[PDB]
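Here you get one chain, nothing else, as structure tokens; it is the form deposited in one PDB entry.
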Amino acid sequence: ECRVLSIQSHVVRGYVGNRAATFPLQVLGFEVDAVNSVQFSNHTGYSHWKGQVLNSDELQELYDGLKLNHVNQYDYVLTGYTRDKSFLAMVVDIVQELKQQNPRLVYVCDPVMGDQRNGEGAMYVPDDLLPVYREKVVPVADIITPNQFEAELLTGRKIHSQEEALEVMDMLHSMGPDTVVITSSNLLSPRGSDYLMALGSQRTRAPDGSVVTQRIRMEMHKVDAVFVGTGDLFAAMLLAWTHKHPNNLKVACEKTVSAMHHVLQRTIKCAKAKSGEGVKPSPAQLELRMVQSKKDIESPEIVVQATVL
């Protein structure tokens, strides 16, 4: 009984968008209904790319489809990278109707807007999207996973310290989502530039109306390469694991990251093993070795440690 309505992009080759969130969620037993928001030959990181996009009407046509056949009832709804403002809107209407359809509907949303680097950040999607995510989308999500950049954008506040971070996540919680995980930061991790720091924070409702707030910090070993898709693979698995541990933003993230590691490490290798001695791996060689990593996606060898508060 695990149905997910993943609305994301599809590529014929490679792993990005729905191609990066389906296989996982399936080997881990989730019945994944996937709506391809676009179908391109490969991700836009390649030199060339040809494909088509689904517009707001078309997306609609499909929703209705599932309606007419009374099968528009899901547990989780997962979304990520979108370029059309109008499209994203539609997606909200849907998630809405869909929630009245099932109270315990968890909307896992990766507010994809852009990347940063010490301040030198910038959106890679139209700016007319920031308003929707902030005003329409985020308000209804129940689990968001933004960048440092992305979280800074939504909150309109820049992060300088870890404490400021935890306070930017609180501003998020006060936006709707009871789960917020800043998948990666520029903050120097207490273990050196070699690592990558990530921050998580979950809000639970106390039996007396009070507040309970767990917080964590996982430092992952960085990998020297430009990877396309990790944003999607992460959100998927997080959704998976946070289902097994409905109340352990700590336990989940641990598994979620560990696998991310296993995948990336096997990826970079096979990738490097195809350009050995003197050449930078092409984006066509850095694609995620998903299939080859199934073994880990299911039985993740926890090789990280969540630190509370």
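C-alpha atoms forming the largest set that superposes within 1.5 Å between two forms make up the rigid core. Residues that one form lacks are left out of the comparison. Quick note: we count residues from 1 along the sequence shown, nothing fancier.
Here the subject shifts to the form deposited in another entry, a form of this protein not shown in this document.
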property: Moved residue between this form and the one not shown - picked from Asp115, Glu164, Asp178, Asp170, where its Cα shifts 2 angstroms or more relative to the rigid core; result: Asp115
property: Cα-Cα trend for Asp115 and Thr256, given that in the other form the distance shifts by 3 Å or more; result: farther
property: Closer or farther: C-alpha pair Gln116/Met197 in the other form, relative to this form, given a change of 3 Å or more; result: farther
property: Core-superposed comparison between this form and the one not shown, runs of at least 3 residues with CA shifts of 2 Å or more; result: 114 to 124
